[PDB]
Amino acid sequence: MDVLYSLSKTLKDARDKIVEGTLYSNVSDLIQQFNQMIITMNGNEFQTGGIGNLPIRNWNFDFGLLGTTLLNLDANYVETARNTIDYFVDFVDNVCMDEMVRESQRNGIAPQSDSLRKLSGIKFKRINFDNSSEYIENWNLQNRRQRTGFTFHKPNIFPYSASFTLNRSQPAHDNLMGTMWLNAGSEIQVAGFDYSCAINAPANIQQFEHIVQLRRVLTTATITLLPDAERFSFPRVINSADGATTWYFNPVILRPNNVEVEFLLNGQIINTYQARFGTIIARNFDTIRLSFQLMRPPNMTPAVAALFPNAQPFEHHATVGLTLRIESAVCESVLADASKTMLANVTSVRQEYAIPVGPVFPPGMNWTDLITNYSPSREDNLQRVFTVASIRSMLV
Amino acid sequence: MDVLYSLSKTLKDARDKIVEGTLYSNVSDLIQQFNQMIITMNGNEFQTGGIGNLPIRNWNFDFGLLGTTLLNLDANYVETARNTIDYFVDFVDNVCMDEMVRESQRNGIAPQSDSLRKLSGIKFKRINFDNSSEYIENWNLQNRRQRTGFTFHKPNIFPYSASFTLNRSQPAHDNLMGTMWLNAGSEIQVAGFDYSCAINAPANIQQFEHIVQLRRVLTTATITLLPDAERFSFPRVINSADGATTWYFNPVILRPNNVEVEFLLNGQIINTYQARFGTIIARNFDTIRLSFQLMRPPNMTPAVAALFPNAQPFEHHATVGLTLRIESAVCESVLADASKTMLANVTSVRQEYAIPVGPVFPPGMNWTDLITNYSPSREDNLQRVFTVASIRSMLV
Amino acid sequence: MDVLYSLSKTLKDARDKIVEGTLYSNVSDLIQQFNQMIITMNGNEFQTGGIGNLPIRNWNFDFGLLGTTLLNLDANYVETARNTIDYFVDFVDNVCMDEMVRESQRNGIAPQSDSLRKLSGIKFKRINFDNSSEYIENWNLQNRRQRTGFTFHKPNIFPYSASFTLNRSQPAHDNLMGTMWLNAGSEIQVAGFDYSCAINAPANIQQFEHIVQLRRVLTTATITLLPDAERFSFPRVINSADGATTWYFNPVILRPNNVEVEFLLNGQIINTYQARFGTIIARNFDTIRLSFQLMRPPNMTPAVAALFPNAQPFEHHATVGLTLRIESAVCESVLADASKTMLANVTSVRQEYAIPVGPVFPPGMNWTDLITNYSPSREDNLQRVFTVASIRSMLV
Amino acid sequence: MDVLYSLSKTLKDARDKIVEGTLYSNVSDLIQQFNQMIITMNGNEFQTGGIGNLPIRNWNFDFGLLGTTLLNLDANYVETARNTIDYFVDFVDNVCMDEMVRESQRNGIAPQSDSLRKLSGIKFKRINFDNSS
Amino acid sequence: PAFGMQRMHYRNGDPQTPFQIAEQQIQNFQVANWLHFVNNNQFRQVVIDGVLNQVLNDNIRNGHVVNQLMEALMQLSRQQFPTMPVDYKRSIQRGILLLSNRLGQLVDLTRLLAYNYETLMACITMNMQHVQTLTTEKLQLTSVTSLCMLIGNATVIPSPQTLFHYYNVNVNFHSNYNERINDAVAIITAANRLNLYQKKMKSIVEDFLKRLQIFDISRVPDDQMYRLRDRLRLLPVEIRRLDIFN
Ligand SMILES: [Cl-]
Ligand SMILES: [Zn+2]
Ligand SMILES: [Zn+2]
Ligand SMILES: [Zn+2]
Ligand SMILES: [Zn+2]
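Protein chains in written order, with this note's numbering: chain H, 1 to 396; chain A, 1 to 396; chain D, 1 to 396; chain R, 1 to 133; chain S, 1 to 246.
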């Protein structure tokens with residue numbers, strides 16, 4: 001991985017720095033690294049692609065080196081380097097694609113393709129140089145087993161889940177009490193509804209709770225908490241629990257009461273925020289516990305009093321809500337996120353070449369299934385393919 | 001850890017090989033390694049701390065090298081070596097104890113005692129030699145991020161839980177349908193009971209299902225599956241789910257029908273066994289789904305028909321069972337088993353010196369609580385303490 | 001086999017002993033053996049896989065020797081040795097997997113994979129060194145036709161069979177006399193039941209006999225014999241012999257009378273135990289004869305006398321039992337047991353790669369089918385694959 | 001701040017660029033900067049404070065220079081550099097944490113922790129290099 | 001012998017040199033890395049101001065690679081030489097150390113040689129074409145030992161007047177070469193267009209070779225003479241001479 005990353009980085013630096021008119025002092029070290037790469041790859045035969053529709057490609061390297069004494073690079077030097085750069089870029093792109101389309105239950109972190117396995121030989125270690133990207137840095141630290149993490153903007157940590165729970169119900173679904181939530185990406189919208197508006201509840205307070213377990217520990221996370229769940233704020237017709245029938249929801253939004261957000265790690269309360277909205281910080285957690293309450297307004301204007309009678313029928317259903325968006329976080333494991341394109345790259349490569357479904361990843365690289373069952377083996381293979389995808393995107 | 005294990009291994013080899021009359025050619029390399037250990041440890045001051053009732057102990061090393069002059073070892077050589085080995089064994093045992101009684105939430109895999117932290121310096125790397133034990137091998141593999149493996153005989157993977165679920169129940173507990181299970185150690189006994197004997201079932205079949213989620217992935221597991229559950233096959237008086245009353249269970253054992261044992265990994269069926277009893281192999285799994293059925297006998301002899309009437313009262317309650325024992329398995333994470341004494345050693349050391357409860361382990365070193373909430377921090381600390389326990393048991 | 005085992009053992013020793021900082025005197029002989037391995041394997045082409053989903057893999061060996069002079073091993077030496085060891089370990093793992101998934105009716109003890117057949121040439125005999133494992137030791141001894149012994153904890157010697165024999169029966173199944181047994185793994189539960197409680201039997205004694213023929217001779221066997229068979233001591237609705245109907249069993253357990261356990265070899269009484277319960281030793285046997293009597297209590301209290309009327313109906317059925325557990329044994333032939341993982345390893349390798357059912361082993365490597373028809377060819381193939389599995393387990 | 005940033009940047013560059021097998025031309029300037037940092041920090045005592053539950057930590061610097069004279073960096077070089085880098089990274093992280101938890105009403109832009117105040121002396125200005133973030 | 005390896009049975013005509021085989025066959029990082037450099041240190045080609053130039057690796061120019069050499073042979077001084085007589089082994093190791101302990105002098109020598117090469121190569125006007133010549137220049141390795149063991153620290157660089165003289169000689173030779181090519185081409189083309197079928201281009205080619213001042217025409221193979229005739233025939237005439245001929 002480090003050798004493949006070094007190949008890609010050398011080629012990117014060759015494209016960027018080997019330009020017409022540049023001082024040779026600007027590229028002396030880069031030219032040395034490029035010539036080392038040519039020297040190491042020369043005389044080696046590579047084969048990439050025998051899986052799905054990825055065609056069998058054979059790579060031979062017999063390229064000449066680059067000059068080292070001129071003062072300023074000219075068009076001749078760049079023309080000489082460009083053909084080698086193109087061939088090497090094609091080779092690296094195909095190696096990255098070959099590695100991205102492979103998985104193993106036993107050793108998912110080890111190279112799977114024949115080409116990357118050959119590049120793990122000792123003789124290719126000479127190609128290795130600066131490993132400065134975030135993903136390669138994490139790769140090396142994690143190989144050494146050092147505390148390292150990835151920074152995500154809008155981490156895709158919650159598998160899709162639109163569900164409801166009815167604590168009070170009956171076959172006619174006319175006097176209900178419960179919670180409905182959407183868990184999607186970095187967003188949690190939860191809404192606790194009481195059809196009776198807590199007329200008969202003790203102290204006229206009804207308590208709703210929502211517990212979300214994250215499949216990986218998020219650290220140094222910035223969260224936006226808002227007191228309304230706009231997703232569950234309009235009339236809906238909702239399938240029953242078993243799909244036997246449909247029930248009617250007619251929300252009237254009351255502000256949530258006694259809002260408490262607890263960020264817990266292994267059942268230990270790490271962060272607690274009471275009646276706090278806006279930006280909050282969750283330093284280290286794997287579980288989110290949202291506790292809110294519906295309180296009857298002790299004083300109601302005539303229209304408000306008309307909304308909530310003493311007994312049934314209940315035509316307007318009192319709802320409180322919360323919205324929790326993870327703006328950014330840090331996680332020791334790789335995740336899909338709104339900023340990076342690693343998951344998109346891997347999925348695109350797998351789909352374009354009809355890669356047969358393996359024994360590790362869900363078919364079609366579905367992220368909801370992947371994050372629902374994010375096992376250590378899946379984490380290993382996902383880190384491998386994501387690092388390869390970043391390496392490839394460095395050039396392609 | 002590798003240096004501490006190397007010290008313990010050197011001392012064990014010295015005890016085993018430095019015997020009266022033995023040829024020096026049988027100990028030449030061992031004597032060289034022992035003298036290297038003497039040189040490395042000489043001039044260093046160590047302290048084993050006073051956590052709990054462990055006495056604070058100070059260790060100084062000013063030992064002369066072992067001789068190299070005798071063709072065959074004699075009594076004097078053995079006695080001198082015995083004195084030195086006794087001091088070193090005391091030091092190593094105290095260091096191991098000091099490490100076992102410590103835990104950290106942040107970095108549990110790193111050394112916690114100051115002695116082992118000092119032994120992790122570069123100057124002590126000379127002491128390092130053959131790492132052939134299973135636990136040290138796995139430690140080294142983990143440090144390099146390689147596929148680890150611990151082979152357990154009767155792995156203690158199921159936290160103790162004797163519970164029941166009543167799918168059909170009533171206040172008088174005379175027409176019940178449900179399941180009762182014991183998941184203890186490597187054993188799962190489950191029993192589905194129907195008081196009506198599926199008289200009113202849709203096809204005279206009552207389906208029972210038990211899902212046991214393993215806390216860690218198990219591989220290469222030999223499993224004995226037997227039809228009946230002897231534990232839930234005799235009359236019982238069982239507290240109600242809320243403890244408000246007691247109900248009577250009067251089983252009559254019927255053969256389980258359509259037995260499907262599924263071993264699942266990430267929700268995917270890795271292994272399936274239909275009506276197969278005896279020894280089976282689950283190659284890789286983290287969940288067990290046992291599906292069985294109580295089928296009303298289509299034909300009954302007069303006594304059998306007498307047991308099961310068409311309506312209440314139901315004095316004899318039909319029951320099907322299943323027993324599942326994990327004879328052996330392989331797990332990437334450490335576990336307690338019936339063969340190794342690592343958990344017993346750690347617990348004994350903690351109890352002997354009255355170590356105060358830490359922030360990681362349960363407040364008895366209780367295995368049920370530990371394996372229940374087997375967090376990654378708990379796993380790291382458990383691996384550390386178990387490796388140190390094996391190192392200590394090499395000597396003590 | 002010996003060459004493959006020697007490769008695996010050399011690689012295991014290299015992993016365990018070639019560590020940073022260790023004295024070169026600790027590995028001098030090991031380094032010489034490693035260099036001999038390199039010299040012998042250099043310039044040879046190997047191919048593995050091609051059966052089932054096991055992928056085709058080509059191996060070419062061109063590695064330099066380790067000849068650097070040092071007092072203590074450093075990072076450079078360890079890294080070079082690590083690269084070589086990684087390649088060799090991958091090769092050995094693939095060879096072991098290839099050999100495990102193959103069988104032949106004729107000469108199943110001989111190598112099946114072309115890689116192992118090539119490794120069986122004379123030119124590779126140089127790789128051979130210490131053969132200390134139990135399985136390789138037995139392999140070499142059997143090649144020399146010396147007595148071989150595999151020591152098993154809870155040997156899997158009895159194929160699963162839950163059966164019954166009715167010596168007296170009738171269509172109503174209300175006055176039955178017979179025996180029901182479970183022979184599973186190392187456990188034999190047997191229960192002789194008489195519905196009449198020997199009211200009309202000669203001397204009010206009924207005699208039950210259970211003969212169990214072991215498929216292979218067991219020696220130095222430790223057995224635990226217990227009076228009661230808890231599996232056949234609760235009410236039970238059992239199928240008819242031909243499944244036409246179902247009969248009812250309502251045990252009342254009487255202690256077995258005149259218990260004789262005979263361990264026979266070629267029909268000759270080798271060991272005899274009379275009214276002896278607890279731990280017993282069977283030094284050499286291939287058949288077990290459990291003979292026990294149900295004796296009607298000459299004197300009964302009114303509660304006891306109520307259970308056994310002179311004539312029918314017989315609501316309570318007298319039952320005597322015996323439980324026999326083989327805790328440990330020694331067998332010349334290989335077997336599954338509760339402490340080892342070779343059967344599990346072979347089954348996992350065959351299931352993972354979808355190996356087609358061969359001409360020797362039963363589908364899915366069902367142990368019950370294998371041990372039921374444990375033919376000499378099956379024994380040879382099983383020994384081969386188990387030895388290869390142990391060799392692989394040394395590394396993977 | 002600039003000296004602390006330069007320490008962190010040098011350590012990050014050392015971790016990224018000092019890898020087994022890499023040409024020494026890829027690290028010549030980096031090795032010179034790292035040796036300059038070692039020389040500047042050697043012989044200096046630092047203490048990260050005990051504010052709150054943050055532990056009091058004492059840091060002493062006595063490290064040898066990173067070697068030259070390798071065409072391609074080998075495993076021994078990387079191991080020695082990793083030991084030094086680990087100690088320096090731990091020191092830098094602790095200093096950053098100590099500075100992050102302190103504040104003043106006036107002169108709040110100036111360093112607050114004793115470690116960063118010491119690092120703001122003239123004798124440490126040698127450590128300063130590229131400030132690109 | 002240092003690493004206890006079996007002596008190489010090198011087969012002449014092998015596409016690999018002995019060092020290329022030893023690089024793969026030797027596991028020690030110092031010696032293997034030095035061997036890798038030695039294997040891959042061929043001249044690089046670069047066109048400067050329209051002149052092809054054979055340039056050295058930047059590690060040769062700065063002399064840094066000598067460190068690696070030192071490293072490698074320092075490892076050779078520590079080796080056991082398993083089956084070598086100890087007196088001969090000691091002599092070899094002490095010679096290896098004789099060369100090793102001159103690391104600074106050899107770095108200076110490498111930098112000086114590379115600098116002199118670059119400076120005098122700046123004064124070359126004709127393409128530095130690399131071909132394997134029929135006859136070689138014999139280099140005594142005792143002279144290499146003398147240079148390695150006697151070089152001090154006195155830098156010597158080409159004098160500006162020496163550089164100008166070298167450049168002038170190169171320019172004069174190149175200009176004369178081109179002018180004589182032009183004359184030969186013009187006369188050959190004129191004879192052909194004048195239909196002088198009895199004119200012998202061999203005499204023209206001999207005069208052309210004589211005017212180059214560095215060829216003993218009596219020793220020019222006939223096939224090469226006729227090849228030169230053909231190549232001269234294929235060239236186009238120079239503008240001034242062609243206009244005069246028109
Ligand atoms: Cl057991
Ligand atoms: Zn509903
Ligand atoms: Zn109940
Ligand atoms: Zn029957
Ligand atoms: Zn056991």
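The C-beta atom is built at its ideal place from N, Cα and C for all residues, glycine as well.
Residues in the same chain with beta-carbon distance under 7 Å from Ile31 of chain D, minus the five sequence neighbours each way, listed in chain order, please. Closer than 7 Å at the Cβ level, and outside the excluded window around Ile31 of chain D, lie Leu66.
Tell me the start and end of each unbroken alpha helix (DSSP H) in the segment 132-162 of chain A that is at least 4 residues and wholly inside, in chain order. Fully enclosed alpha helix (DSSP H) runs of no fewer than 4 residues occupy 134-143 of the segment 132-162 of chain A, in order along the chain.
Restricting to Cα atoms, I'd like to know which of A:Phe292, A:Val388, A:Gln33 and A:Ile270 is closest to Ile127 of chain A. Nearest neighbour of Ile127 of chain A by Cα position, chosen from A:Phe292, A:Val388, A:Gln33 and A:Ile270, turns out to be A:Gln33.
Should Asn44 of chain D be flagged as near chain H, meaning a C-beta pair shorter than 8 Å? Against chain H, the CB of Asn44 of chain D has no partner CB under 8 Å away; the residue lies outside that interface.
Identity of the residues DSSP links to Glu103 of chain A by a beta bridge: Answer is none; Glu103 of chain A lacks a bridge partner.
Quick one, which of H:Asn140, H:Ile157 and H:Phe124 has its alpha-carbon nearest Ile371 of chain H's? With distances taken between Cα atoms, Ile371 of chain H lies closest to H:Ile157.
Please list, in chain order, the residues of the segment 207-236 of chain D that have any C-beta partner in chain A closer than 8 Å. So the list reads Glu230, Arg231, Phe234, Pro235 and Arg236, given in the order they occur along the chain.
Can you look up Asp228 of chain A in the DSSP assignment and give me helix, strand or coil? In the three-state reduction of the DSSP assignment, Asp228 of chain A falls in the coil class, being assigned neither a helical nor a strand state.
Consult DSSP for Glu45 of chain A and reduce its assignment to one of helix, strand or coil. Three-state result, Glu45 of chain A: strand.
Between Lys154 of chain D and ligand 1, is there a pair consisting of the residue's CB and a ligand heavy atom that are separated by less than 7 Å? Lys154 of chain D: yes, Cβ under 7 Å from ligand 1.
Would you say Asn53 of chain S faces chain R, with C-beta separation under 8 Å as the test? No, no contact with chain R.
Listing by chain order, which chain A residues have their CB less than 7 Å from the CB of residue 397 of chain H? The structure shown has nothing for residue 397 of chain H, since chain H only spans 1 to 396.
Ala282 of chain D: beta carbon under 7 Å from a heavy atom of ligand 1? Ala282 of chain D Cβ: outside cutoff for every heavy atom of ligand 1.
Unbroken stretches of the beta strand (DSSP E), 3 residues or longer, contained in the segment 43-130 of chain D: Entirely contained in the segment 43-130 of chain D, the beta strand (DSSP E) runs reaching 3 residues are, in chain order, 45-48 and 57-60.
Identify the continuous alpha helix (DSSP H) that holds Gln293 of chain D and give its terminal residues. DSSP places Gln293 of chain D in no alpha helix (DSSP H) but in the uninterrupted beta strand (DSSP E) bounded by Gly278 to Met295.
Counting pairs of Cβ atoms below 8 Å between the segment 336-350 of chain H and the segment 189-200 of chain H, do you hit three or more? Contact fails: fewer than three Cβ-Cβ distances are below 8 Å.
From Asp74 of chain A to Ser25 of chain A, what does the alpha carbon distance come to, in whole angstroms? If you draw a straight line from the Cα of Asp74 of chain A to the Cα of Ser25 of chain A, it is about 14 Å long.
Using a C-beta to C-beta distance shorter than 7 Å, which residues of chain H count as neighbours of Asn53 of chain R? Annotation: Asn53 of chain R has no Cβ neighbours in chain H at a cutoff of 7 Å; minimum Cβ distance is about 14 Å.
Give the DSSP bridge partners of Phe314 of chain H, in chain order. Paired residues: none, contrary to the question.
Under 8 Å by Cβ, that's how I've got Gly321 of chain A and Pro227 of chain A pegged, so tell me the actual separation to the nearest angstrom. Yes, they are in contact, since the Cβ atoms of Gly321 of chain A and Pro227 of chain A sit about 7 Å apart, within 8 Å.
Chain D contact residues for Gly121 of chain H, given Cβ-Cβ distances below 9 Å: Within chain D, the residues near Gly121 of chain H are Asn83 and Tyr87.
First and last residue of the uninterrupted beta strand (DSSP E) at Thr179 of chain H: Taken as a continuous stretch (DSSP letters only), the beta strand (DSSP E) holding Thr179 of chain H covers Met177 to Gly185.
From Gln129 of chain S to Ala122 of chain S, what distance separates their C-alpha atoms? Near 15 Å, if we compare the C-alpha coordinates of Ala122 of chain S and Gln129 of chain S.
Considering Cα atoms alone, identify which of D:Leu7, D:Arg378, D:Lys118 and D:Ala184 is closest to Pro159 of chain D. In terms of Cα proximity to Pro159 of chain D, the closest of D:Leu7, D:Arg378, D:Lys118 and D:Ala184 is D:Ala184.
Report the neighbours of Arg145 of chain A on chain H: residues whose CB is nearer than 7 Å to its CB, in chain order. Residues of chain H whose Cβ lies closer than 7 Å to the Cβ of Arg145 of chain A are, in chain order, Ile109, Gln142, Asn143 and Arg145.
Mind listing, in chain order, the residues whose beta carbon lies closer than 7 Å to a non-hydrogen atom of ligand 2? Those residues that have a beta carbon less than 7 Å away from any non-hydrogen atom of ligand 2 are, in order along the chain, H:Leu166, H:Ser169, H:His173, H:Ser240, H:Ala241 and H:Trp247.
Determine the DSSP secondary structure at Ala191 of chain D, reduced to helix, strand or coil. Secondary structure at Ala191 of chain D: strand, using DSSP grouped into helix, strand and coil.
For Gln207 of chain D, which residues in the same chain have their Cβ closer than 6 Å to its Cβ, ignoring the five residues on either side in sequence? Here the set comprises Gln293.
With a threshold of 16 other CB atoms inside 10 Å of the CB of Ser390 of chain H, please say whether the residue is buried or exposed. Flag for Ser390 of chain H reads buried.
Mapping DSSP to helix, strand and coil, what is residue 250 of chain S? Only positions 1 to 246 of chain S appear in the structure, and residue 250 of chain S is not among them; the question remains open.
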